[PDB]
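> Chains as they are written, first to last, in this note's numbering: chain A, 1 to 49; chain B, 1001 to 1146; chain C, 2001 to 2049; chain D, 3001 to 3077.
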Amino acid sequence: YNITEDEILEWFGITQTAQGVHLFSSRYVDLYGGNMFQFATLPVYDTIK
Amino acid sequence: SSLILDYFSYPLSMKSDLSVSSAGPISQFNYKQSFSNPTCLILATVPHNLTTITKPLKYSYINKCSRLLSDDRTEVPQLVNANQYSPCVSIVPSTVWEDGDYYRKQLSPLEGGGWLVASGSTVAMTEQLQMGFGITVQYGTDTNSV
Amino acid sequence: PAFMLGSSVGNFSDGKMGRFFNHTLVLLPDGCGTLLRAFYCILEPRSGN
Amino acid sequence: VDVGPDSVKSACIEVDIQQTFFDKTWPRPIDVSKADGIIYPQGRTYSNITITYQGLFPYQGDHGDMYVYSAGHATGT
Ligand SMILES: *[C@@H]1O[C@H](CO)[C@@H](O[C@@H]2O[C@H](CO)[C@@H](O[C@@H]3O[C@H](CO[C@H]4O[C@H](CO[C@H]5O[C@H](CO)[C@@H](O)[C@H](O)[C@@H]5O)[C@@H](O)[C@H](O)[C@@H]4O)[C@@H](O)[C@H](O)[C@@H]3O)[C@H](O)[C@H]2NC(C)=O)[C@H](O)[C@H]1NC(C)=O
Ligand SMILES: *[C@@H]1O[C@H](CO)[C@@H](O)[C@H](O)[C@H]1NC(C)=O
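Structure follows, in structure tokens:
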């Protein structure tokens, strides 16, 4: 993906459910606020521990 | 909201393992369905006027899974989850060569130790190849958009 | 940060650990953190210094 | 099943075990009143209401897994 480098605080979340690997970030949705919105979903083959 | 399919080599011979409350070797060690969402299983056959899909060598599957620990006295099974693969699949190859194949791998002490061992068996092809499709539907994962 | 993921953990021959059998997931920031590359593929070492 | 770009020599640079400068903590906890580190709901949105929800959640005021990347040795340039 592409991302703009900034000075403001950012957050990332990673999880795995039955519909795949789920990556959440606030940059794509909320630059000056913050929330874990689904910006990526890998259709993964397996669950990673 | 979204749909999910899986497909696999399912002949009709073990079709009696299609039930929701099934606890057979395909249910125990291979896959278990989604109990919170509707599902459907379709067993189809290769048409004569269709060469778009290929035919594999033989039906192969697993029928046993055991985590023997380094003490060589404590053994624990595994429970497969919905749309999930056990660590049983991480050691078993993509196919099983013949019936009763033993696949084993050393385990680290933090994950249990000893040797993870699994047993695989097989079912040969019929006159025409049969495919198994499993569809699961979900309402609350994304936008209603399909 | 970069993240390597798998359900498999093994020790190396020298006594160290960190070996991940089969396919393994890697997420990598690139271009001073501008690229978000990721692969669940097979990784291989080599026996150099 | 795809391509992969191979760039340079297989002569890896020396790697050290020198965590003495690494291990120095920072008191940086989270807050639930300020709502730090909560996943947004994945299938529904709401407005000016209170919503019970079930999900994959952290604890509060967690120690964390605080690390930082350490630059290598560089004498001059
Ligand atoms: C989002 O959700 C929040 C909470 O769920 C909403 O906040 C409340 O919204 C309701 C709905 O409008 C408000 O209820 C209103 O109350 C009015 C009362 O009128 C009388 O009081 C007025 C002054 O209000 C103050 O004093 C009263 C009595 O002491 C208190 O109850 C109030 O909270 C205030 O402190 C006078 O000017 C007036 O002349 C009357 O004497 C009533 O007339 C309305 O019809 C309505 O029922 C409630 O007050 C809000 N609470 C707050 C602001 O603390 C919020 O609005 C929502 N936002 C949206 C929907 O956009
Ligand atoms: C990311 O960078 C490339 C090249 O710099 C650019 O073409 C692309 O538009 C950027 N992404 C977005 C979403 O604009």
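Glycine residues also receive a C-beta, built at the ideal position from the N, C-alpha and C atoms.
I'd like the list of long-range same chain contacts for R1067 of chain B, defined as Cβ closer than 6 Å, with 5 residues on each side in sequence excluded.
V1076, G1112, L1116.
> Check whether the Cβ of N3048 of chain D lies closer than 8 Å to any heavy atom of ligand 1, and answer yes or no.
Checking every heavy atom of ligand 1 against the Cβ of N3048 of chain D, one is found closer than 8 Å.
> Does the stretch 1014-1032 of chain B come within contact of the stretch 2005-2018 of chain C, defined as at least 3 CB pairs closer than 8 Å?
As far as the Cβ criterion goes, the stretch 1014-1032 of chain B does not touch the stretch 2005-2018 of chain C, which means the pair count is below three.
> My guess is that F37 of chain A and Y3040 of chain D are in contact by the Cβ rule of under 8 Å, so how many angstroms apart are they, rounded?
Their Cβ separation, rounded to whole angstroms, is 5 Å, which keeps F37 of chain A and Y3040 of chain D in contact under 8 Å.
> Determine which residues share a DSSP beta bridge with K1064 of chain B and list them.
According to DSSP, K1064 of chain B bridges with B:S1119.
> By a C-beta neighbour count over all protein chains shown, 10 Å radius and 16 as the cutoff for buried, is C2041 of chain C buried or exposed?
So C2041 of chain C ends up on the exposed side.
> Checking the sheet assignment: what are the DSSP bridge partners for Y1007 of chain B?
B:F1133.
> Short of 8 Å in beta carbon distance, which residues of its chain neighbour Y1 of chain A, apart from the five on each side in sequence? Order them along the chain.
Result list for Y1 of chain A: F39, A40, in chain order.
> Do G1114 of chain B and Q1106 of chain B have their C-beta atoms closer together than 9 Å?
Cβ atoms of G1114 of chain B and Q1106 of chain B: closer than 9 Å.
> Using three-state DSSP, classify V3001 of chain D as helix, strand or coil.
If DSSP states are grouped into helix, strand and coil, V3001 of chain D belongs with coil.
> Given that a residue counts as buried once 16 or more other Cβ atoms are within 10 Å of its Cβ, and exposed if not, what is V3001 of chain D?
Exposed: under 16 other Cβ atoms inside 10 Å.
> May I ask which residues mark the beginning and end of the alpha helix (DSSP H) holding residue 1150 of chain B?
Any property of residue 1150 of chain B remains undetermined from this structure, which presents chain B solely from 1001 to 1146.
> Can you name, in chain order, every residue of its own chain whose Cβ lies under 7 Å from the Cβ of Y1007 of chain B, other than the five neighbours on each side?
The answer, listed in chain order, is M1131, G1132, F1133.
> By the criterion of Cβ-Cβ separation under 7 Å, what are the contact partners of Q3042 of chain D in chain A?
Going along chain A in sequence order, the residues near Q3042 of chain D (Cβ under 7 Å) are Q38.
> So the candidates are B:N1083, B:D1071, B:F1029, B:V1020; which of them puts its Cα closest to the Cα of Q1138 of chain B?
Nearest C-alpha to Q1138 of chain B: B:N1083.
> Does the Cβ of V1146 of chain B have 16 or more other Cβ atoms within 10 Å, making it buried, or fewer, making it exposed?
When all chains shown are included, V1146 of chain B counts as exposed.
> Just checking: is the beta-carbon of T4 of chain A within a distance shorter than 9 Å of some beta-carbon in chain F?
No chain F is part of this structure, whose protein chains are labelled A, B, C and D.
> Is DSSP giving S1002 of chain B helix, strand or coil here?
It is a strand residue.
> Less than 6 Å between C-beta atoms, sequence neighbours within five positions excluded: which residues of the same chain meet that for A18 of chain A?
Excluding residues within five positions, none has a Cβ falling inside 6 Å.
> Kindly list, in the order they appear in chain D, the residues whose Cβ is closer than 7 Å to that of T15 of chain A.
Simply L3056.
> Give me, in chain order, the residues of the same chain whose beta-carbon lies closer than 6 Å to that of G1024 of chain B; leave out the 5 immediate sequence neighbours on both sides.
Excluding sequence neighbours, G1024 of chain B sits near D1017.
> Any idea which residues DSSP pairs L2036 of chain C with across the strands?
In DSSP, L2036 of chain C forms a bridge with C:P2029.
> If distances are taken between C-alpha atoms only, which option among B:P1109, B:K1032, B:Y1061 comes closest to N1081 of chain B?
The residue with the shortest Cα to Cα distance from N1081 of chain B is B:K1032.
> With which residues is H1048 of chain B paired in a DSSP beta bridge?
Looking at the DSSP assignment, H1048 of chain B forms no beta bridge with any residue, so it has no partner.
> Ligand 2 heavy atoms versus the CB of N2 of chain A: any closer than 8 Å?
For ligand 2, at least one heavy atom lies less than 8 Å from the Cβ of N2 of chain A.
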